[PDB]
Each structure stands twice: as C-alpha cells, then as structure tokens.
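As a starting point, one isolated chain is supplied in structure tokens, in the form deposited in one PDB entry.
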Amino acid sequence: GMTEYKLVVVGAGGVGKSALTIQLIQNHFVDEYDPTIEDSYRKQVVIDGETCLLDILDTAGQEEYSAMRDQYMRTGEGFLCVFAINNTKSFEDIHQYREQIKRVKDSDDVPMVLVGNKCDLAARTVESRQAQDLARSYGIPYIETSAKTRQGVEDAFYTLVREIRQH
C-alpha cells in the first residue's frame, strides 16, 4: 500500500530537540503525550496529495551513548539535523553530525534538512542568515521551528519527505 518513510532526528541534547517530534505526532490540539505507547512515533499524513506513513526515530536523552549513533542513524532514509537558536555550540555540532550521516549511509547525497529550533525565550545567538548560509553550503533546506507554538514543525518534516521523494 502506502509508502513508509523512516526519518531520524539528530542533534545536541539538553536544548529542546524532542519538542519537534512531540508537537508533530501529538494530538496537535491537546498538550499531552505518552511516549511509551506503541506508535507514538508513527503518523499517517498527506503530502502534496500523496498519503504516506512517517516512522520517526528520536532518541532524545541518549546523547551520551555516543557509540550507538551509527546504529541509530543506519536505520534512517532521511535526517533532520536540529540545533537550538540560542545555543551556538549545538549549531557548531551540525557539521560533524552531517559528516557522520554521510559515512554511515556511505553516500555524499543523503536526504536531510537543517532545523533551527526556538526552545525558550532566552536570547537568540544564531541568526537566521548564519543558518541559511550553512544550509546553502551543504545544498539542503533550512526550516525554523518553535518548540511552543508548533510553527514550522509540519514544514520541517514535509520538506524532508520531499527531499526523499526527489532524491
């Protein structure tokens, strides 16, 4: 039947990365979540008129298990590389995440999107022009998202699915 896309979220810990998938998969309109529930990470969606199933791997909280990253990344067809717009270190980490994905997938052209996440009201330290320039240097889209209002969340995942479809 319908195509299933295996997406993997990667990025620094401790800066709200998990809000991206929670807000997507959530009952959009009730703020509640049980991640232990069978298929709290699967969602059927319609993108450009084509129905598909998203299976999202987000291992948020396991960042210290650094030798497991290869195993987790190997499962994915497309990747969201997430940093926090108020944490410059998480932005500087993006280069090494992308290099690791390319190595695990043994490809120089892996479907991926760069996501800048607004996780609180603390002062932004990564300007949108900096992130756009980085994304353009890689040849990938850039999407900004809010961890509180759900803005940009659908755009981030749907843009990634379009990258997979057009690979």
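All residue numbers refer to positions in the sequence shown, first residue = 1. Just so we're on the same page, rigid core means the largest C-alpha set that superposes within 1.5 Å between forms.
As for the form deposited in another entry, it is not shown, yet the points below apply to it.
- Once you line up the core between the shown form and the other one, the CA of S40 is the only one from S128, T125, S40, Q100 that shifts by 2 Å or more.
- Once both forms are fitted on their core, the CA shift for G152 between the shown form and the other one remains under 2 Å.
- Once the rigid core is overlaid between the shown form and the other one, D109 does not reach a Cα shift of 2 Å, moving by less than that.
- The rigid-core alignment places the CA of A12 less than 2 Å apart between the shown form and the other one.
- Relative to this form, the distance between the C-alpha atoms of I47 and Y33 is increased by at least 3 angstroms in the other form.
- In the other form, the CA atoms of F29 and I22 come closer by at least 3 angstroms compared with the shown structure.
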